[PDB]
Structure formats: structure tokens, C-alpha cells
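Below is one structure, written out as C-alpha cells; comments come after it.
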Amino acid sequence: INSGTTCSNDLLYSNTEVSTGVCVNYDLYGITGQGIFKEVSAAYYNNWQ
Amino acid sequence: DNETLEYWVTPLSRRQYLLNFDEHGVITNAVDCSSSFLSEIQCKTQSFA
Ligand SMILES: *[C@@H]1O[C@H](CO)[C@@H](O)[C@H](O)[C@H]1NC(C)=O
Ligand SMILES: *[C@@H]1O[C@H](CO)[C@@H](O)[C@H](O)[C@H]1NC(C)=O
């Protein structure tokens, strides 16, 4: 629950930009919460992570 | 040409480990928490030293 790609389109919204620097709410493909984003140049993700 | 077929098999069970992840996110060390006394100290301190 609250992670994955089998999503329910009962409540439909539009995709927004991943804005950095500001305190926002987020709904990142299931993951919900509040916080601040910051774009980084990461190299530790595989094709399945 | 001096070749050999080898197929080593061991059973599995559900148990707790202590895993070590490095900078790049690779598992480099592991310790079975119920194998010895040093493993007990390593899993109670959550440290590999
Ligand atoms: C604080 O406010 C300024 C402008 O009012 C904004 O640019 C900045 O992102 C805000 N900082 C946080 C952490 O929300
Ligand atoms: C294969 O192993 C034997 C061991 O007695 C050795 O004498 C022989 O030279 C080996 N053959 C090759 C091609 O390495």
C-alpha cells in the first residue's frame, strides 16, 4: 500500500514539476509526505532501483 | 582439458542478518546474527568493529 504502479484513477490530477527549494507536499508515484527537494547528480541507481 | 562440473547447494531459512552497504550501494559485508558470540556482539552494537 502507497507504493507501486497499480494506481487508482478515482481521484485524477495532472502531473506537476518537481520544484526544489520550497516546502511542498508530494505524491511521488504513491509515496506521500511533506518536505523540501533538491536536485542532485546521483550515480547509485541501477535499472531496477 | 581438465575441467569439472560443480554445483554447490545449501538450504535456506528465515533469519536476521546485519548487512553493510558501501558508498556506491553494494553489499560488501554480512554477518549472521545467531552464528557465534562475536556475531552477537556485532549485531547488538550494529557495528562491524
Ligand atoms: C522562504 O521564502 C522565500 C521567498 O519568500 C522562498 O524563495 C524560499 O524558498 C522560502 N524557503 C523555504 C524553505 O520555504
Ligand atoms: C591436466 O592435468 C594433468 C594432471 O596430472 C596434467 O598432467 C596435464 O598436463 C593437464 N593438461 C593440461 C592440458 O593442462
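Simple scheme: letters A, B, ... for chains in C-alpha cells order, numbers from 1 for residues in each chain, numbers from 1 for ligands in the order shown.
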
Please return as an mmCIF file with N, CA and C atoms, in the first residue's frame the residues found within 12 Å of ligand 2, counting only C-alpha atoms and all ligand atoms.
```cif
data_model
loop_
_atom_site.group_PDB
_atom_site.id
_atom_site.type_symbol
_atom_site.label_atom_id
_atom_site.label_comp_id
_atom_site.auth_asym_id
_atom_site.auth_seq_id
_atom_site.Cartn_x
_atom_site.Cartn_y
_atom_site.Cartn_z
ATOM 1 N N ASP B 1 41.009 -31.714 -21.273
ATOM 2 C CA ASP B 1 41.431 -30.358 -20.909
ATOM 3 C C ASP B 1 41.274 -30.012 -19.384
ATOM 4 N N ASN B 2 40.981 -30.966 -18.489
ATOM 5 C CA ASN B 2 40.993 -30.774 -17.030
ATOM 6 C C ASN B 2 39.910 -29.800 -16.572
ATOM 7 N N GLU B 3 38.673 -30.083 -16.958
ATOM 8 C CA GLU B 3 37.526 -29.317 -16.498
ATOM 9 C C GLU B 3 36.652 -30.173 -15.588
ATOM 10 N N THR B 4 35.805 -29.500 -14.814
ATOM 11 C CA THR B 4 34.970 -30.152 -13.818
ATOM 12 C C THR B 4 33.632 -29.437 -13.713
#
```

Go through chain A and flag each residue having an atom no more than 12 Å from ligand 1; for those, report the closest pair of atoms plus their distance in Å to one decimal, using only C-alpha atoms and all ligand atoms, ordered by chain and rising number, as CSV.
```
residue,atom,partner,partner_atom_place_in_ligand_line,distance
A:19,CA,ligand 1,9 (O),10.0
A:20,CA,ligand 1,9 (O),8.1
A:21,CA,ligand 1,9 (O),4.9
A:22,CA,ligand 1,14 (O),4.0
A:23,CA,ligand 1,14 (O),4.8
A:24,CA,ligand 1,14 (O),8.2
A:25,CA,ligand 1,14 (O),11.8
A:34,CA,ligand 1,14 (O),11.7
A:35,CA,ligand 1,13 (C),9.3
A:36,CA,ligand 1,13 (C),7.3
A:37,CA,ligand 1,13 (C),10.0
A:38,CA,ligand 1,13 (C),11.3
```

How would the residues just chosen look if you wrote them out with N, CA, C and O atoms as an mmCIF file, in the first residue's frame?
```
data_model
loop_
_atom_site.group_PDB
_atom_site.id
_atom_site.type_symbol
_atom_site.label_atom_id
_atom_site.label_comp_id
_atom_site.auth_asym_id
_atom_site.auth_seq_id
_atom_site.Cartn_x
_atom_site.Cartn_y
_atom_site.Cartn_z
ATOM 1 N N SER A 19 9.568 20.766 -8.045
ATOM 2 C CA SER A 19 10.144 22.056 -7.697
ATOM 3 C C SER A 19 11.021 21.922 -6.461
ATOM 4 O O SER A 19 10.652 21.243 -5.500
ATOM 5 N N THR A 20 12.178 22.577 -6.488
ATOM 6 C CA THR A 20 13.155 22.495 -5.415
ATOM 7 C C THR A 20 13.183 23.791 -4.617
ATOM 8 O O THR A 20 12.721 24.837 -5.079
ATOM 9 N N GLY A 21 13.731 23.709 -3.407
ATOM 10 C CA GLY A 21 13.940 24.867 -2.570
ATOM 11 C C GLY A 21 12.794 25.226 -1.651
ATOM 12 O O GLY A 21 13.028 25.870 -0.621
ATOM 13 N N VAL A 22 11.567 24.831 -1.976
ATOM 14 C CA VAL A 22 10.396 25.243 -1.218
ATOM 15 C C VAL A 22 9.807 24.036 -0.501
ATOM 16 O O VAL A 22 9.948 22.892 -0.936
ATOM 17 N N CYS A 23 9.141 24.309 0.617
ATOM 18 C CA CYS A 23 8.426 23.273 1.352
ATOM 19 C C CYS A 23 7.123 22.966 0.627
ATOM 20 O O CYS A 23 6.298 23.860 0.419
ATOM 21 N N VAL A 24 6.948 21.709 0.220
ATOM 22 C CA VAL A 24 5.802 21.288 -0.573
ATOM 23 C C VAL A 24 5.214 20.019 0.025
ATOM 24 O O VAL A 24 5.806 19.380 0.896
ATOM 25 N N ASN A 25 4.021 19.673 -0.446
ATOM 26 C CA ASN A 25 3.536 18.304 -0.352
ATOM 27 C C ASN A 25 3.964 17.560 -1.607
ATOM 28 O O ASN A 25 4.211 18.173 -2.647
ATOM 29 N N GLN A 34 5.537 15.469 3.269
ATOM 30 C CA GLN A 34 5.927 16.867 3.154
ATOM 31 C C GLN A 34 7.437 16.979 3.269
ATOM 32 O O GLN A 34 8.065 16.206 3.997
ATOM 33 N N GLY A 35 8.024 17.937 2.563
ATOM 34 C CA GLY A 35 9.461 18.105 2.630
ATOM 35 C C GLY A 35 9.962 19.091 1.595
ATOM 36 O O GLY A 35 9.187 19.789 0.943
ATOM 37 N N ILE A 36 11.288 19.127 1.463
ATOM 38 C CA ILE A 36 11.992 20.015 0.543
ATOM 39 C C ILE A 36 12.826 19.158 -0.399
ATOM 40 O O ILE A 36 13.539 18.255 0.050
ATOM 41 N N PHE A 37 12.745 19.443 -1.695
ATOM 42 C CA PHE A 37 13.515 18.729 -2.702
ATOM 43 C C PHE A 37 14.748 19.526 -3.107
ATOM 44 O O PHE A 37 14.816 20.742 -2.920
ATOM 45 N N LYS A 38 15.722 18.819 -3.672
ATOM 46 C CA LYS A 38 16.956 19.411 -4.175
ATOM 47 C C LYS A 38 17.559 18.447 -5.180
ATOM 48 O O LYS A 38 17.856 17.302 -4.834
#
```

May I have the residues within 10 Å of segment 16-30 of chain B as a PyMOL selection string, using only C-alpha atoms and disregarding those fewer than 3 positions away in the same chain? (chain A and resi 42-46) or (chain B and resi 13+33-34+39+42-43+46-48)

Write the residues you've just listed into a file as a short mmCIF file (atom, residue, chain, number, x, y, z; two decimals), in the first residue's frame, and include C-alpha atoms for each of them.
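As written to disk, again-v4.cif reads:
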```cif
data_model
loop_
_atom_site.label_atom_id
_atom_site.label_comp_id
_atom_site.auth_asym_id
_atom_site.auth_seq_id
_atom_site.Cartn_x
_atom_site.Cartn_y
_atom_site.Cartn_z
CA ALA A 42 23.42 10.65 -8.28
CA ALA A 43 25.06 7.57 -9.80
CA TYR A 44 23.98 4.79 -7.41
CA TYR A 45 20.69 3.78 -9.07
CA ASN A 46 20.51 0.59 -11.12
CA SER B 13 15.63 -20.35 6.19
CA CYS B 33 23.45 -12.66 13.96
CA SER B 34 22.93 -16.08 15.59
CA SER B 39 28.33 -12.10 15.70
CA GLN B 42 28.36 -7.23 16.19
CA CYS B 43 24.57 -7.37 15.97
CA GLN B 46 25.23 -2.75 15.00
CA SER B 47 28.90 -2.38 14.11
CA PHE B 48 31.41 -4.48 12.21
#
```

At a cut-off of 7 Å, using only C-alpha atoms, what residues contact residue 31 of chain A? Leave out same-chain residues fewer than 3 positions from it and give the result as a ChimeraX atom specification. /A:2-3,27-28

note - atom CA of residue 40 of chain A and atom CA of residue 16 of chain A are separated by 18.8 Å

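The coordinates place atom CA of residue 26 of chain A at 22.0 Å from atom CA of residue 48 of chain A.
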
Can you list, as an NGL selection string, every residue of chain A that DSSP puts in strand (DSSP E or B)? :A and (23-28 or 31-36)

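Between atom CA of residue 29 of chain A and atom CA of residue 7 of chain A the separation is 8.3 Å.
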
Alpha helix (DSSP H) positions in chain B, given as JSON, numbers by chain: {"B": [37, 38, 39, 40, 41, 42, 43, 44, 45]}
